[PDB]
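Have a look below at one chain only, the form deposited in one PDB entry, in structure tokens format.
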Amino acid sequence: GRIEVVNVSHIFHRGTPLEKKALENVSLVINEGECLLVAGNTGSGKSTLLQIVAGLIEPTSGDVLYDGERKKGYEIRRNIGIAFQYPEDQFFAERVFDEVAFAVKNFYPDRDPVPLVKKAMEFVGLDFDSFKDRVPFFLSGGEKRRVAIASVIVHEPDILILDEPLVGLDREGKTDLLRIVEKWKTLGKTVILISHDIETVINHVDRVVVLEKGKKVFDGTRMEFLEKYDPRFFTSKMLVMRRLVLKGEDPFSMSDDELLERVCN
């Protein structure tokens, strides 16, 4: 339910000339029901960090505490669903059903997976009869992203990780997918988002952590982020939100049009 990362670092291929320090001594806390944004450039270690938290990687150093205590891979993975940034790294099945039903047949092998898959697919807005037999390879990116999500929330985990789920989507498809996120956290479950699209994602999170070259260079709330973080490369919309914040207003939960009438007046 609650996650604590304590000074973990990570090395790929120690000793050998292709040695890569992915992470360096990073620590943070994710409370239960928290909604966290993990930002930072490509190669900052975002994907690796959340893989370690999900129990797919054994950190070279440090530990991660789950409700206070260390655990092993298997225990972590039952309660932590992670959707990769490239959904073809998840796919292995020739039907959507088999792709989704996997975690059930791996964790709860006696449960009839049918009505489980049926509602996980429904949760993400995929008609069951329309999609259960479709070949994942030939889905649209938006459809692939939905299947990837349904296949990791199907075993009802308490934590959901989405590594860059809005890449290659429309303003439509992005909106409809954040709608799925809001649902998740209405069930009181925690969800971590890795994203570069801060101005769109920030209205849906509580805290913002920023990685850089393996190190955590920011941790704080979204209000703190706007007001404290280096705004040198904020988008135009982020600069307006920041303005409003510095005038003691609440730019979140406010339209783009409403944002604009309150500036440059």
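Residue positions are given as counts along the sequence shown, with the first one as 1. Between two forms, the rigid core is the largest collection of C-alphas that superpose within 1.5 Å.
Omitted from view is the form deposited in another entry, to which the following refers.
Chemist: C-alpha of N106: shift of 2 angstroms or more between the shown form and the other one, rigid core aligned?
Modeler: Superposed on the core, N106 moves its C-alpha 2 Å or more between the shown form and the other one.
Chemist: Quick one: core overlaid, is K132 moving 2 Å or more at the Cα between the shown form and the other one?
Modeler: No, the C-alpha moves less than 2 Å.
Chemist: Answer yes if the Cα of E122 shifts by 2 angstroms or more between the shown form and the other one on a rigid-core superposition, and no otherwise.
Modeler: Yes.
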